[PDB]
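Backbone-built Cβ (ideal geometry, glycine too); neighbour counts: all protein chains shown. Bear in mind these aren't lab numbers, they're just calculated from the coordinates by the rules spelled out.
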Ligand SMILES: CO[C@H]1O[C@H](CO)[C@@H](O)[C@H](O)[C@@H]1O
Ligand SMILES: CO[C@H]1O[C@H](CO)[C@@H](O)[C@H](O)[C@@H]1O
Ligand SMILES: CO[C@H]1O[C@H](CO)[C@@H](O)[C@H](O)[C@@H]1O
Ligand SMILES: CO[C@H]1O[C@H](CO)[C@@H](O)[C@H](O)[C@@H]1O
Ligand SMILES: [Ca+2]
Ligand SMILES: [Ca+2]
Ligand SMILES: [Ca+2]
Ligand SMILES: [Ca+2]
Ligand SMILES: [Cl-]
Ligand SMILES: [Mn+2]
Ligand SMILES: [Mn+2]
Ligand SMILES: [Mn+2]
Ligand SMILES: [Mn+2]
């Protein structure tokens with residue numbers, strides 16, 4: 001089925017599928033039940049930044065999420081990604097709403113991947129940076145309810161003309177080129193991702209979250225992954 | 001037809017279709033008949049480097065070609081590319097042989113495109129660097145006889161089982177993602193491309209050349225563009 | 001005296017020394033009497049961005065100054081910087097006030113310089129980026145009235161406690177390390193600089209201007225270079 | 001006196017001061033007696049590469065040293081550099097010889113430092129890359145016997161007119177500008193360095209090693225630090 005490695009910024013606690021009782025960031029390796037989670041004091045209506053890093057020497061996937069003038073929330077998990085992902089993957093951003101909702105607006109997204117093979121000075125690298133998203137963003141594969149161009153931002157889920165987010169929405173944006181995330185001959189392989197977001201709920205419970213994910217090239221939103229499954233997993237096992 | 005802007009490293013003089021009597025480098029805006037050329041002392045068997053630059057403030061497309069510890073050849077041509085290209089394009093390398101041949105080996109290729117819109121610091125960028133090509137290079141669209149992996153090099157043209165170049169061979173390699181080369185509200189847009197090559201002909205008349213090109217997203221090798229046409233033009237007009 | 005190559009953002013027309021009768025942008029090659037100028041529709045109190053570029057193939061220095069949602073002013077001048085500057089230089093920003101004043105606030109500054117030798121893939125490069133300045137910015141040499149850390153900004157000229165800009169002030173900030181701007185054996189050399197500024201005046205006319213400059217490593221403010229000489233030149237010749 | 005954090009490529013075992021009995025790489029935090037080492041299969045006369053990385057989320061310093069088509073040695077140590085270093089430092093390479101000698105040639109060196117503060121998208125960065133070194137490399141501070149320009153390389157220790165290394169030699173090369181390696185107000189701070197080296201010993205047993213270090217700005221070679229102290233430490237404690 002799809003192979004997903006994700007860093008989720010989960011705003012709604014689904015204690016039934018193992019979520020902690022508060023907003024949290026977590027690392028998901030092929031399941032929505034995070035291998036590692038950390039509390040996140042989500043600030044509704046404020047722009048935040050998420051930063052994810054990994055390198056093949058330390059084999060640790062780490063993430064930092066923060067808001068200006070506030071404490072960060074960090075989570076790390078040791079994982080050798082060549083035992084989990086195909087070597088060519090596609091990276092993206094995913095989001096969803098269920099009964100409760102929130103806007104899942106992405107204001108900027110950048111990614112850098114590098115593979116140093118055992119050949120002096122030969123580094124293969126891919127870097128993309130988006131600080132504005134256009135109406136016809138031909139280098140992004142949009143799935144589900146995702147739209148771009150609106151205010152130069154990327155709306156992962158449905159927002160109405162007045163600005164209210166909609167329930168039961170799911171949307172994803174993937175970078176068009178495959179990324180060679182690992183290689184057996186590389187001395188060092190590394191990647192870093194950064195994205196700023198604006199999650200705003202009009203009421204007391206925002207839902208559901210935003211996730212940065214890495215997947216097999218041909219990944220598609222699994223059926224029924226709205227709400228708690230962050231448009232990433234088919235079930236909650 | 002295909003809207004092609006290219007920088008050719010042409011080794012064979014096809015005087016009938018306007019090539020000057022010597023190997024040269026030329027800027028091709030939509031035609032094989034270069035709008036500007038400069039003499040190039042091709043050094044058979046040596047690794048050369050080609051660097052191409054362009055920015056929208058100056059609107060001058062420039063290329064420089066050099067071999068270590070030897071002269072460099074340079075050619076420049078002023079052209080407002082927003083009037084020649086679509087805003088989304090694909091960039092690539094092309095090459096060919098006709099009666100005469102030469103290996104058209106690419107050892108490294110990097111490219112960087114940046115668009116700075118009217119809003120300060122919101123730069124959109126794309127950068128890729130290939131210093132080693134894998135047998136299955138999933139981020140390259142190879143069209144024609146190009147093969148990756150042998151020596152960790154990109155062979156744009158057919159080379160026999162035993163290392164010899166083959167005649168009437170044509171090949172192209174394009175980066176998978178579309179590139180947003182220009183944008184209406186961009187204050188500055190620029191790109192840079194560099195690639196090292198190895199052209200070795202077993203004969204006293206190496207032919208036909210290597211060319212860096214920018215084209216419409218769905219460009220294909222034209223029918224019969226072998227030899228003199230370098231895999232880019234349909235005719236020689 | 002010192003060897004100065006500068007891009008001025010001149011807010012006060014000193015018709016007597018050759019200025020246009022309107023705010024303008026100019027390229028000064030060792031004299032305050034610009035070799036080339038362009039009209040500039042300065043917007044008092046708004047954050048602007050200036051981009052300066054140059055490469056040894058074209059030997060053209062170009063600058064573009066812009067405000068969001070407005071046209072940009074552009075100026076270019078062909079000049080071979082290898083015949084004007086020493087191969088090692090320092091780069092910095094300069095500003096002054098005279099009878100009239102204006103804040104000369106720098107909100108961000110980045111620079112990148114590359115020198116490619118004719119020895120293949122052997123690029124030497126220097127890049128710095130400041131999006132905020134600290135009270136103790138050890139990698140900057142502050143000259144005159146320039147101070148850092150005032151709300152993370154660099155104030156090149158005097159601004160009193162209550163916010164008022166002061167008359168007869170001059171300040172310069174140069175990056176600490178020398179920069180290898182050109183070299184004989186280099187195939188291509190280029191640099192690019194970008195800075196955002198905030199020019200605000202309370203009085204009728206703002207004065208005098210902000211300039212991006214490149215100089216000999218040991219350059220200092222000429223005495224009396226307040227006002228029209230922008231903290232860069234000794235006299236008006 | 002100085003605060004030194006270093007990654008040594010130790011070619012000579014001095015078992016008396018805690019060295020393993022084989023060539024090794026190690027992480028020295030204020031002492032030549034490494035807090036962690038890894039066995040290194042040093043190859044006499046071959047160009048090697050070392051990569052050093054660190055980030056403030058993981059707080060792990062790691063190094064990988066490798067030769068083309070041979071395997072790599074890797075070593076990591078968990079250390080919070082915010083508690084060991086000053087926030088402003090200088091970075092450099094150091095090397096020494098004693099009774100036994102070896103060439104300690106650096107053929108290339110690059111460094112990148114990044115710091116994102118408590119403001120949106122406000123990263124400060126510094127990056128430098130040297131693939132060629134000139135006779136008067138003004139952006140490097142050379143200490144002891146270190147010289148540049150010989151073959152376009154950096155010789156950290158004495159080498160005679162023919163190419164033979166000298167014993168009892170110490171040399172260091174530091175980048176000119178201070179580097180802001182950490183700040184309280186940062187969300188993420190990281191750095192990476194890479195250098196290629198050529199260690200060749202005619203006298204069969206090479207000694208003593210090359211080290212990448214980070215120090216207080218004003219660091220100088222400790223007197224008596226030739227041999228086993230690698231130009232970094234005052235004694236063997
Ligand atoms: C109350 O349960 C529903 O709403 C929450 C929040 O939207 C979702 O997580 C869940 O999957 C359901 O759709
Ligand atoms: C002589 O003509 C043939 O050979 C030359 C050089 O190969 C090609 O340019 C041409 O298109 C034909 O194939
Ligand atoms: C009136 O002249 C003074 O003020 C103007 C504008 O401030 C400056 O240009 C000039 O050099 C003097 O300092
Ligand atoms: C014999 O001891 C000397 O030589 C060895 C190897 O060079 C060094 O480690 C040591 O510090 C002394 O200088
Ligand atoms: Ca949840
Ligand atoms: Ca031809
Ligand atoms: Ca003036
Ligand atoms: Ca030792
Ligand atoms: Cl005067
Ligand atoms: Mn969760
Ligand atoms: Mn031609
Ligand atoms: Mn003027
Ligand atoms: Mn040791």
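Worth a mention:
- Taken residue by residue and averaged, Cβ atoms of other chains lying within 10 Å of the Cβ of C:174-186 number 3.
- Our Cα-only numbers for segment B:124-237 put the radius of gyration and Dmax at 15.8, 53 Å.
- Within the protein assembly as shown, the proportion of Cα pairs with more than 46 Å between them is 31 percent.
- Distance between modelled label sites at residue B:84 and residue A:223, nm, 7 Å Cα→Cβ extension: 5.1
- For the peptides D:69-78, D:19-28, the ranking by mean Cβ contacts within 10 Å, running from highest to lowest, is D:19-28, D:69-78.
- FRET E, pair residue A:198, residue A:33, Förster distance 22 Å, beta-carbon r, rounded to 0.05: 0.20
- Bridges between two residues of the protein assembly as shown, per DSSP, are antiparallel at a rate of about 100%.
- Counting Cβ atoms of other protein chains within 10 Å of each residue's Cβ and taking the mean over peptide B:52-61 gives 4.
- For segment D:42-171, the equivalent ellipsoid derived from the alpha-carbon gyration tensor has semi-axes of 30, 19, 15 Å in decreasing order.
- Here is how far apart the residue B:30 label points are across copies: 4.5, 5.5, 7.1 nm, shortest first, using a point 7 Å from Cα toward Cβ.
- Here the chain C residue lying nearest the rotation axis onto B, judged by its C-beta and given with the distance in whole angstrom, is C:58, 3.
- Working from Cα pairs under 8 Å separated by at least six residues, relative contact order for segment A:54-134 is 18 percent.
- Look at the stretch A:123-136: the mean tally of other chain Cβ atoms within 10 Å of its residues' Cβ atoms is 6.
- Between residue A:16 and residue D:138, the modelled label-to-label distance comes to 7.1 nm, taking each label 7 Å out from Cα in the direction of the beta carbon.
- Annotation: chain B has a Kirkwood hydrodynamic radius of 17.7 angstrom, from the mean reciprocal C-alpha pair distance.
- With each label modelled as a point 7 angstrom along the Cα→C-beta vector, the residue C:205-residue D:112 pair spans 4.8 nm.
- Segment D:11-80 - convex hull of the alpha-carbon atoms, volume per residue in Å³: 86
- Relative contact order of segment A:28-170, pairs being alpha-carbon contacts under 8 Å that are 6 or more residues apart, as %: 18
- Inter-copy spacing of residue D:168 label points, which lie 7 Å from Cα along Cα→Cβ, given in nm from shortest upward: 6.2, 7.6, 8.7
- Per-copy distances of the residue A:236 label point, shortest first, in nm (7 angstrom along Cα→Cβ): 6.4, 7.0, 7.8
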